[PDB]
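Novice: Residue numbers (the entry's author numbering), protein chains in the order written: chain 8, 83 to 181; chain 6, 27 to 79, 99 to 163; chain P, 61 to 179; chain m, 34 to 78; chain f, 48 to 66, 77 to 132, 150 to 190; chain e, 43 to 104, 116 to 217, 227 to 279.
Got a structure for you, written out below as structure tokens; questions coming shortly.
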Amino acid sequence: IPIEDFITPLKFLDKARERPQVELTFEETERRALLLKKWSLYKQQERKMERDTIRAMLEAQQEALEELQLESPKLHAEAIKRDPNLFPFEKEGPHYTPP
Amino acid sequence: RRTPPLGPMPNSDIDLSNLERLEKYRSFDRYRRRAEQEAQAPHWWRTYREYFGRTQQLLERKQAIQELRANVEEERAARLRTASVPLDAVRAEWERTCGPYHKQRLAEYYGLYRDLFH
Amino acid sequence: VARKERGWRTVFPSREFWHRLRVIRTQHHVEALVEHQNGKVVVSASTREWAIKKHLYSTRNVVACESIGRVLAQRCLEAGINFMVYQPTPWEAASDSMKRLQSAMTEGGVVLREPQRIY
Amino acid sequence: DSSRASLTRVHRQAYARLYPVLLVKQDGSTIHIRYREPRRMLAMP
Amino acid sequence: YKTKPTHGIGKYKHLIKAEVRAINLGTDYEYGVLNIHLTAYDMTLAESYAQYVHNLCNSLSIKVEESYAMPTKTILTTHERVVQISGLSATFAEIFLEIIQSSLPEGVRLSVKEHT
Amino acid sequence: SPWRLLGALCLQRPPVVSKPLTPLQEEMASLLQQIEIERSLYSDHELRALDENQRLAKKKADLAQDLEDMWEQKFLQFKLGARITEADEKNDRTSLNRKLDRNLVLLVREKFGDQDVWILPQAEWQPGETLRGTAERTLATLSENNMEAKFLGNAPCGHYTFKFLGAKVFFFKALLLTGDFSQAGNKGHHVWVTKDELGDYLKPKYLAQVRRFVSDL
RNA sequence: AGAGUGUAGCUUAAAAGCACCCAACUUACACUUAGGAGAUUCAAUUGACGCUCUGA
């Protein structure tokens, strides 16, 4: 059924007069630009460590696959064989305070 | 009746079975750059062009670039797009570094060498 | 009086000119060329050159484009080339750096509209 | 790296104020959840 | 022309691909269409994690046919997002599953359920 | 050549407690809250706090504060569970609650004759046994407890071949869902290590390279 | 211990071009625009500082 809840509520139309004021200072926006600079650097670095870890563990797993090929001729057919128990696979996200 | 191509036919190396896994032209500008690159290259067919045709200086430049970018005022003027560049110094340092190359380009285009020195 | 390549209606850019001003915006550098219709380069002006490079904070912004536009303007003012063609694609035609570049070229002294051929 | 998709903002434009109330369902686990009427703690019976 | 050596120099429809069970024959063993359900009480966290997993998908050559969502439910409200993923290796399935496990910001649930 | 068939397992503990935030991340937390307030549009609470106070002032010239006070005192009522059960213990390596913001890896000392090695938990497998079945048997046999974990696939993660009779060691990767870890003070030497102490515990080249397929995050 | 060696992720590039990241439109992706960080491992073609493989 094509019903979606991305339609904006009708109540957000009339009383839009609480904050018409948007005024900052030059030092504040200089800090904003410096923060955007350093965060682009920082999360680019974060993705750099992410891609380094994934390339390291990909090359570890493909080296693992070629070693299992060269040391076991009857185990690679069942090693690449997938497991059917991942159909109802779920994982809850992290929390703050343990029970 | 067909005849085989004389040289290497374009768009031949990329034609495979699965183009869906290949990454993509998401834009237009990249194709314009690559097509200009291919149009610059010579070919075997008939084309429009056929009928109608050290370390110390680098270290000093890196140090100057690091010192110029370390100024708070230059970055503040750059982020506010109000910075300007003096034309006199740039003109003089063009007259120093790479002026002969551009003057040779003008002497090539303005029909000077084929009439003076063959 | 001289002939212009009047065709190429179905392909970009139009070749009906005598001098083309092309701007290449790379990841690192912005570059400007003043060229013939034969493909011969005539006047070049790059941020890949120490003279304009050390006087700029970053080689790609509005400031770098305006400065290299002023430099190319004075270069072609003294080079005796007074009329160009500048054809931007409509997405970066409305861009701020290219509007600033066109304004700097109009203020420099080079008109970016070439006079008509006399038939 | 459980903080990449937590430094967020409302991608819409017609939205009201949201406040990070700490929510607990039944097990004493607090989650910062953006909601109106700026409560501080929640507990579902 | 057909007889000249320059025949088909402008041919392009073979470069144009303009036109579900899992493909598991004997050696190349792949998932079909999947559905990843992201359930959270925050829409900011929900579509932010959806953007993050989609940016992970298009940077790793993963086919994503749709990135739609389902409407919320009255209870507190629950915002749920659907990310469809097709085409993986078994090693690659292990890797993408461990990344989507270890990338959860705050209380977001996962699902590796398939179509229907 | 006689191959000494050996498999193993790399157990992983998912982070129940999220990682602490950088102060720079705190700066974008405050900044994103500020810009969300600046780009919001007249929430009902501020309509019931500003205009109601203006009407009260108009009436006096001729409650949101109580709600905020009771919210503050109810926040002060329920004390938050401590995220740090880590520094107060500082020596409970066998316990599952040694760390909360990082992954935890099972790791067992093993007594051999020609060797004496602190190893990732291993086992011996037969050609008739499945490697996934070997890992399940290792989980159900070695710790002598009641975890319920979850694997991802039969694909491996790291193989290392050391000889003195050929030999090979197989490295998978598991993931604990939950577990009844009865009698936590076992006679074994299982120690949970986030990332660093592995380099303190596992010296040789067949064991100092385990961390390159362990999720460091 | 020996061999292969070496420009940011990639280059039969010579300090470049493709890559990469946020900010804005997009449910989202993508485009575009605004910005950003980048390197020839150190000494005189050669030696030694870093990585991979082959040994114990």
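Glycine is no exception: its CB is placed at the ideal position from the N, C-alpha and C atoms.
(1) Ends of the beta strand (DSSP E) at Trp171 (chain e)?
(2) Please confirm if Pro34 (chain 6) has its CB atom under 7 Å from at least one CB of chain f.
(3) Which class does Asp60 (chain m) belong to by DSSP, given the choice of helix, strand or coil?
(4) Below 8 Å on the Cβ atoms is my contact criterion, and I expect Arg164 (chain 8) with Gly134 (chain e) to pass it. Report the Cβ-Cβ distance as a whole number of Å.
(5) Name the chain 8 residues that come within less than 8 Å of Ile169 (chain f), Cβ to Cβ?
(6) Rounded C-beta distance between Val58 (chain e) and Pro180 (chain 8)? I'm assuming under 8 Å.
(7) Going by the CB atoms, is the gap between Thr50 (chain f) and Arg27 (chain 6) shorter than 7 Å?
(8) If you measure from the beta carbon of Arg47 (chain 6) to each beta carbon in chain 8, is any gap under 7 Å?
(9) So with CB distances below 8 Å, who are the chain 6 contacts of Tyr146 (chain P)?
(10) Relative to the C-alpha of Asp86 (chain e), which residue among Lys101 (chain e), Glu68 (chain e), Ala117 (chain e) is closest?
(11) Does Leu184 (chain f) get closer than 7 Å to chain m when you measure Cβ to Cβ?
(12) State the DSSP-derived secondary structure class of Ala140 (chain e), mapped to helix, strand or coil.
(13) With H, G and I counted as helix, E and B as strand and the rest as coil, what does DSSP make of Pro170 (chain 8)?
(14) What residue does the beta strand (DSSP E) around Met200 (chain e) start on, and which one ends it?
(15) If we define contact as Cβ-Cβ less than 7 Å, is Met70 (chain e) a contact residue for chain m?
(16) I'd like the span of the beta strand (DSSP E) that includes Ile128 (chain P), first residue to last.
(17) By the three-class DSSP mapping on this structure, what secondary structure does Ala71 (chain e) have?
(18) At 8 Å on the CB atoms, spell out the chain m contacts of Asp86 (chain e), in chain order.
(19) Since residue 31 (chain f) meets chain 6, which of its residues come closer than 8 Å, beta carbon to beta carbon?
(20) Measuring only the C-alpha atoms, how far is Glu259 (chain e) from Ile112 (chain P)?
(21) Do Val94 (chain P) and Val83 (chain P) have their CB atoms nearer than 7 Å?
(22) Taking 7 Å as the threshold (beta carbon to beta carbon), is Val57 (chain m) in contact with chain f?
(23) When you compare the CB positions of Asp145 (chain e) and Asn199 (chain e), do they come within less than 7 Å of one another, or not?
(24) Between the Cα of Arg137 (chain 8) and those of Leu184 (chain f), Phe166 (chain f), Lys58 (chain f), spot the shortest distance and give me the residue it belongs to.
(25) So, does the CB of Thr165 (chain f) fall closer than 7 Å to a CB anywhere in chain 8?
(26) Report back the beta-carbon spacing between residue 280 (chain e) and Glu180 (chain f) to the nearest angstrom; my notes put them in contact at under 8 Å.
(27) Return the first residue and the last residue of the beta strand (DSSP E) that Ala176 (chain e) is part of.
(28) DSSP on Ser116 (chain f), reduced to helix/strand/coil?
(29) Would you tell me roughly how many angstroms separate the C-alpha atoms of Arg42 (chain m) and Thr127 (chain 6), rounded to the nearest one?
(30) Taking Cβ positions, are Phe234 (chain e) and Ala176 (chain e) nearer each other than 7 Å?
(31) Do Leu92 (chain e) and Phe94 (chain 8) count as a contact pair if the criterion is CB distance below 7 Å?
(32) Measuring only the C-alpha atoms, how far is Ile80 (chain f) from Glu188 (chain f)?
(33) Which residue from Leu56 (chain m), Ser36 (chain m), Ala49 (chain m), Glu70 (chain m) puts its Cα closest to that of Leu92 (chain 8)?
(34) Report all residues from its chain with a CB closer than 6 Å to the CB of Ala103 (chain f); omit the five preceding and five following residues, and keep chain order.
(35) Counting only Cβ pairs nearer than 7 Å, list the residues of chain f close to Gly206 (chain e).
(36) With 7 Å set as the bound, which would you pick, yes or no: does the beta-carbon of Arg121 (chain 6) sit closer than that to a beta-carbon of chain P?
Specialist: Straight from the coordinates:
(1) 169-172
(2) no
(3) coil
(4) Going by Cβ atoms, the distance from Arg164 (chain 8) to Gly134 (chain e) rounds to 39 Å, so no, they are not a contact pair.
(5) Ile136, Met139, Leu140, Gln143
(6) 6 Å
(7) yes
(8) no
(9) Per Cβ cutoff of 8 Å: no residues; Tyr146 (chain P) is ~16 Å from chain 6 at best.
(10) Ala117 (chain e)
(11) no
(12) coil
(13) coil
(14) 199-203
(15) yes
(16) No beta strand (DSSP E) holds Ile128 (chain P); the alpha helix (DSSP H) holding it covers 122-138.
(17) helix
(18) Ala49, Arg69, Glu70
(19) This structure does not reach residue 31 (chain f), given that chain f is present from 48 up to 190, and the question cannot be answered.
(20) 53 Å
(21) no
(22) no
(23) no
(24) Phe166 (chain f)
(25) yes
(26) Since the first residue of chain e shown is 43 and the last is 279, residue 280 (chain e) is not available in this structure.
(27) 175-177
(28) coil
(29) 31 Å
(30) no
(31) no
(32) 14 Å
(33) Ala49 (chain m)
(34) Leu95, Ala97, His153, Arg155
(35) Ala164, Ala167, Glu168
(36) no
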